[PDB]
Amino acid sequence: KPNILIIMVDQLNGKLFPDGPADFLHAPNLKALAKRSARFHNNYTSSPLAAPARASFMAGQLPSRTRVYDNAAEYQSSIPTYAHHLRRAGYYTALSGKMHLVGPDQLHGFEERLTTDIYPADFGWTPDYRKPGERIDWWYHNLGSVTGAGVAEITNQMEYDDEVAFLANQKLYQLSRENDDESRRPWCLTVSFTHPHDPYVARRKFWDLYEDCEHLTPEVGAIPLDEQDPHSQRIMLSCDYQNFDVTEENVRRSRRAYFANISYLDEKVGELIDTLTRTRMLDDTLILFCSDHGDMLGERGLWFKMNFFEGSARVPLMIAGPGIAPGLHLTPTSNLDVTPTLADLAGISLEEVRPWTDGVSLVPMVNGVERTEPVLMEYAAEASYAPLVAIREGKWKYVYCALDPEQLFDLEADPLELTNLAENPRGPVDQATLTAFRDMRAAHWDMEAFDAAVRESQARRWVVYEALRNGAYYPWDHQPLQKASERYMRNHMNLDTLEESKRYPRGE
């Protein structure tokens, strides 16, 4: 069984990985990793928001099945994740960094978690479909990220990611000490960074890399509120866009700091791979690179995620290591496919994972078997007033919301999604394609039931959360375990025996 290193980042627009990292990015370590990787060019999040995407990523199940509809929805402990599947199959599993799990279980199958979460574990960020049009200023996104972009040497997120990286490398060194033990468990380490999620604020060393950057304005500029589709209008209102004057210079500084933060992350990828190389674990390790959702980065005038346009819904996905053919894949894939792919790579049978996953293993794709299943997406959090669903199949993207006109995009002819073919069909094939996706949408979702489930989940939480914020608060944040009395040299040990056990490689 190979080891598995999952490197996850937050809010990375997948269009920036057209074949590994785009040429204009300063990302030597991810570009070298890409050359060894199977690269999934048209890979999609299952839900364009952090906690829904991550609960879905961990379980290989859509939000409608995990019930994690938004950033404050409880993730049940009894739902199997890839950590459970691998752990059941004999793996040591650990997590360093972010997973935005909501509720008192902060492990969800991981055997060890090295850091707390950057974001809350409670029900505070619960949307309310009963009050459509409201926004909550103390936690909603707003365009102050765009007007406040710039340069700093420490931020909340850089403190977080510096520690995620350090503790992940330390864990790799600790794991190497078992390398000569025949009975060692294989390990699976998830390293989950919060960058390049906003605030768009970068260390000067990486900001300086992009002085001459030619990609600091999006190709598709800002669409006026009156000319926007209804969901994009709800997003603009939820970002408080009327109270911010976003200048061309703000757009450029935001994109520049965001690319700088990709370079910041690239340096950390290089450290992890260096640790794997020096500890002699690299040849036996699969490395997966992934992200939870994208960032519109100013395209169409939109920032952040919460929608199904390419910039928000596309995320990179790369896999390298023993048995993976390097190459670029164009067939659309999904984050839903990661858990069954990890299971397959770990030698777990198809039947063991079948009842628990909605995705498919990508290993047959890597080995030249055509993948035909569509890619599905869902959204049911802030800036929605009712659930949205999307189907990505072939060259098409279809988006449905009971409250909105449908959207249909031909991404081969119209990759910037500038022409809505459900509104303006080019001909008879477009009308037939629309009818096919409507039948497909009825085959996969009951949208009235979906809306009812989301409403009940929100209503429960608002009752419970109001109570939990009265009186003494009981926090659910993960606290990494304390072990000082068993670490380093203690006087129930023999010093020479301890030193030999902690040294690796030995006798060289």
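Start at 1 and count along the sequence shown; that's the residue number.
Relative to one another, 265-273 and 134-142 have unequal mean CA B-factors, and 134-142 is the one with the higher figure. Look at the C-alpha B-factors of 328-336 and of 73-81. On average they run higher in 328-336. Per the deposited record, 414 carries the highest C-alpha B-factor of all listed residues (111, 292, 414, 117).
For the set 434, 296, 94, 164, the maximum C-alpha B-factor listed in the entry falls on 434. The PDB entry assigns residue 12 a C-alpha temperature factor belonging to the middle third of its chain's modelled residues. In the deposited entry, the Cα temperature factor of residue 195 places it in the lowest third of its chain's modelled residues. Split the chain's modelled residues into thirds by C-alpha temperature factor. Residue 425 is in the highest one.
In this PDB entry, residue 482 carries a Cα temperature factor that places it within the highest third of its chain's modelled residues. Among the modelled residues of the chain, residue 237 sits in the highest third by CA temperature factor in this PDB entry.
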